[PDB]
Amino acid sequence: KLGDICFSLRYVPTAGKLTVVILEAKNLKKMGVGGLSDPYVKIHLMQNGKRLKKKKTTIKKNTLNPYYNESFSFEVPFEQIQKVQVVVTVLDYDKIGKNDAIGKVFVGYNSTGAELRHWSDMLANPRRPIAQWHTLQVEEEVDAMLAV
């Protein structure tokens, strides 16, 4: 209905290196009245309702099923990795106007369901990259869970 996003997570406790690889999205909802779907993905590191770091992928043109294979890394010490969130948002890009979020998901502290499972798998397996699909959710709901 909104679409799905596949990404991998890897955590290296000694270095405090958290790596997120945005692999692909599928079944994306088309936004706006007309035009084309030009999706990109934002990755935010959060704690206590604050965005600590922001990263984003390149923009793919005219697709509801983009592939990215783009890697991003964050510095999160092992004493703090259980208390952060990684937020993944898919948006429709236009050079004019605020880009509409298609949907988003977060993993980490306070996550649930398949999102918590993905994070728990990462923590249980240091240095192992773990890829999983996630269902995108409306930003209204995800943002309410992330706010303080």
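Start at 1 and count along the sequence shown; that's the residue number.
- In this entry, 120-128 has the higher mean Cα B-factor, the comparison being between 136-144 and 120-128.
- Taking only CA atoms, the mean B-factor in the PDB entry is higher for 31-39 than for the other of 31-39 and 47-55.
- The top Cα temperature factor in the record, among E115, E70, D92, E79, falls on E79.
- The residue among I96, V107, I102, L64 whose C-alpha atom has the highest B-factor in the PDB entry is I96.
- In this PDB entry, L9 carries a Cα temperature factor that places it within the middle third of its chain's modelled residues.
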